[PDB]
Protein chains: 2
Amino acid sequence: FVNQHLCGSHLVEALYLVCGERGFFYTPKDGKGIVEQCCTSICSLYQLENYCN
Amino acid sequence: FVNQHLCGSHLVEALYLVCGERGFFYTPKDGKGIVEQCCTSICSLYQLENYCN
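## As for the UniProt feature "disulfide bond" in chain A
Residues and elements named next belong to chain A. The disulfide annotated by UniProt between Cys 7 and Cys 39 is present in this model, the sulfur-sulfur separation being 2.0 Å. Of this pair, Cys 7 sits in the segment before helix 1 (9–19) while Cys 39 sits in helix 2 (residues 34–39), and the two are 32 residues apart along the sequence. By relative accessible area, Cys 7 is classed as partly exposed at 34%.

Okay, here's the thing in structure tokens:
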């Protein structure tokens, strides 16, 4: 589920599942950060975990 | 949708909808913070917005 384009609720759901009890932050401002890496381009587990706490 | 018990993906979905382009942080550790206020007890818009960035 992580090796695809993930936007909006789909991206937050992936963060929630990957990060588990660590939690996470979702900062979409200006379509930068996670949006650029996982929504506009193909996401990866490596990149998602950069947004776990 | 915010004035109920919200746990797990249900809580992250509410944060996503309420916080919009501001984004948010989801920190469930030890069932404290947001979990205590919105999952174990009834959530509120006021409390959810405390976790928008």
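## A few points about the relation of the copies chain B and chain A
Each copy superposes on the other: chain B lies on chain A with an RMSD of 0.0 Å after a rotation of 180° and an axial shift of 0.0 Å. Put plainly, the chains are arranged around a two-fold axis. By C-alpha distance to the rotation axis, the residue of chain B lying nearest is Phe 25 of chain B, at 2.1 Å. Of the interface residues in chain B, 100% have counterparts in chain A that sit at the interface too, so the contact is made through matching surfaces.

## Observations concerning the packing of aromatic side chains
All names here are of chain A. Throughout the structure, instances matching the rule amount to seven aromatic pairs over all chains. For the ring pair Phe 25 and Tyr 51, a centre distance of 5.3 Å and an interplane angle of 70° mean the geometry is edge-to-face. Linking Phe 25 in strand 1 (residues 24–26) with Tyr 51 in the segment after helix 3 (45–49), this pair joins segments that are 26 residues apart in sequence.

## Some points on the interface of chain B and chain A
In this complex, chain B contributes 14 residues to the contact, which on the side of chain A involves 14 residues. Between chain B and chain A, the buried area comes to about 1000 Å², and carbon and sulfur atoms account for 66% of it. Of all residues in chain B, the largest losses of buried area upon contact with chain A belong to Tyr 16, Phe 24 and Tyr 26 of chain B, amounting jointly to 42% of the total for that side. At the boundary of chain B with chain A, the tally comes to zero salt bridges. Inspection of the chain B/chain A interface yields six residue pairs in polar contact. Of all the secondary-structure elements, those providing two or more residues to the side of chain B that touches chain A are helix 1 (9–19) and strand 1 (24–26) of chain B. Residue classes in the side of chain B that touches chain A are distributed as six nonpolar, six polar and two charged. Note that strand 1 of chain A and strand 1 of chain B share three bridges and pair antiparallel.

Rules and cut-offs
- Positions are assigned from 1 on a per-chain basis following the written sequence, which can diverge from the numbering of the entry; residues without coordinates are not listed.
- Following the order in which they are written, the chains are lettered starting with A and the ligands numbered starting with 1.
- Calculation of side-chain values draws on the structure's entire complement of heavy atoms; hydrogens and water are dropped beforehand.
- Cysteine sulfur pairs qualify as disulfides if the two atoms are within 2.5 Å.
- UniProt positions are given in the numbering used here, feature names are shortened, and annotations may be inferred rather than shown by experiment.
- The secondary structure listing takes helices from DSSP runs of H or I that are at least 4 residues long and strands from runs of E that are at least 2 residues long, numbered from the N terminus.
- To sort residues, take the accessible area from a 1.4 Å probe on protein chains only and compare it with the maximum for the residue type: under 20% means buried, over 50% means exposed, and anything in between is partly exposed.
- Just so you know, the copies are superposed with least squares on the C-alpha atoms alone.
- Contact between two residues is taken to exist if any of their heavy atoms lie within 4.5 Å; hydrogens are not considered.
- Ring geometry is summarised as follows: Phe, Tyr and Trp rings, the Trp one being its six-membered ring, pair when their centres sit within 6.5 Å, and such pairs are stacked at plane angles under 30 degrees, edge-to-face over 60 and tilted between the two.
- Two parts placed together each lose some accessible area under a 1.4 Å probe, and adding up what both lose gives the buried area.
- Whenever a carboxyl oxygen of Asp or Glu lies within 4 Å of a side-chain nitrogen of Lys or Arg, that contact is scored as a salt bridge.
- Each polar contact in these results corresponds to two N or O atoms within 3.5 Å; when the atoms are within protein, one needs to be able to donate a hydrogen and the other to accept it, and residues that are neighboring in sequence are counted only if both atoms are side-chain atoms.
- Polar here means any residue other than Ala, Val, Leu, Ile, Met, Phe, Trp, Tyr, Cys and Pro, which are nonpolar, and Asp, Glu, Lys and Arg, which are charged; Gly is therefore polar.
- By the convention used here, strands pair only if DSSP detects at least 2 bridges between them.

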